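*Asks:*
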Amino acid sequence: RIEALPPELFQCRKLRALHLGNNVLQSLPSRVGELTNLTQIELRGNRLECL
Amino acid sequence: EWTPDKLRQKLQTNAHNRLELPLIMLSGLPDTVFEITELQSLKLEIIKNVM
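These protein sequences, in sequence, are chains A and B.
Counting from 1, position 10 in the first sequence corresponds to residue 412 in this note's numbering; the numbering is continuous, with no gaps.
Counting from 1, position 44 in the second sequence corresponds to residue 65 in this note's numbering; the numbering is continuous, with no gaps.
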């Protein structure tokens, strides 16, 4: 039960596998563009308005 | 005809992020399907006269 993704999550750059699916994330912040090591991210379901 | 390894091959995901077994136009339901215990979703398509 996570409603909003904190920017401090994206402050780390070493994230590789983000199992964020099936949540109540209102939206994914654009700060995910900082992440480079991210090779897979689970975004199915949720309350994701747009990618 | 349906070894558990064939069911491992058949294993996939669905629209709700569950472990799906797509069974298509089968004569029935094998007990080998129920031998799999990691299964999260069952897909039975036009498999009639099944108990």
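Ideal Cβ positions, reconstructed from N, Cα and C, are used throughout, including at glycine.
Taking the alpha-carbon positions, what's the residue 57 of chain B to residue 420 of chain A distance?
*Replies:* Roughly 27 Å separates the two Cα atoms.
*Asks:* Please classify residue 413 of chain A: does DSSP put it in a helix, a strand, or coil?
*Replies:* Here residue 413 of chain A sits in helix by DSSP.
*Asks:* Which residue marks the beginning of the alpha helix (DSSP H) containing residue 28 of chain B, and which one marks its end?
*Replies:* 25-31 is the extent of the alpha helix (DSSP H) around residue 28 of chain B.
*Asks:* Measuring only between beta-carbons, confirm whether residue 449 of chain A sits less than 8 Å from chain B.
*Replies:* Not closer than 8 Å to any Cβ of chain B, the Cβ of residue 449 of chain A fails to qualify, so no.
*Asks:* Output yes if chain A places a C-beta closer than 8 Å to the C-beta of residue 38 of chain B; else output no.
*Replies:* Yes, its Cβ sits closer than 8 Å to a Cβ of chain A.
*Asks:* Determine whether the Cβ of residue 435 of chain A lies closer than 8 Å to any Cβ atom of chain B.
*Replies:* It does not; no Cβ of chain B falls within 8 Å.
*Asks:* With a 10 Å radius around its C-beta and 16 neighbouring C-beta atoms as the bar for buried, classify residue 453 of chain A as buried or exposed.
*Replies:* By the 10 Å Cβ count, residue 453 of chain A comes out exposed.
*Asks:* Any chance the CB of residue 412 of chain A is under 7 Å from a heavy atom of the ligand ADP?
*Replies:* Because no ligand of any kind appears in the structure shown, any question about the ligand ADP cannot be addressed here.
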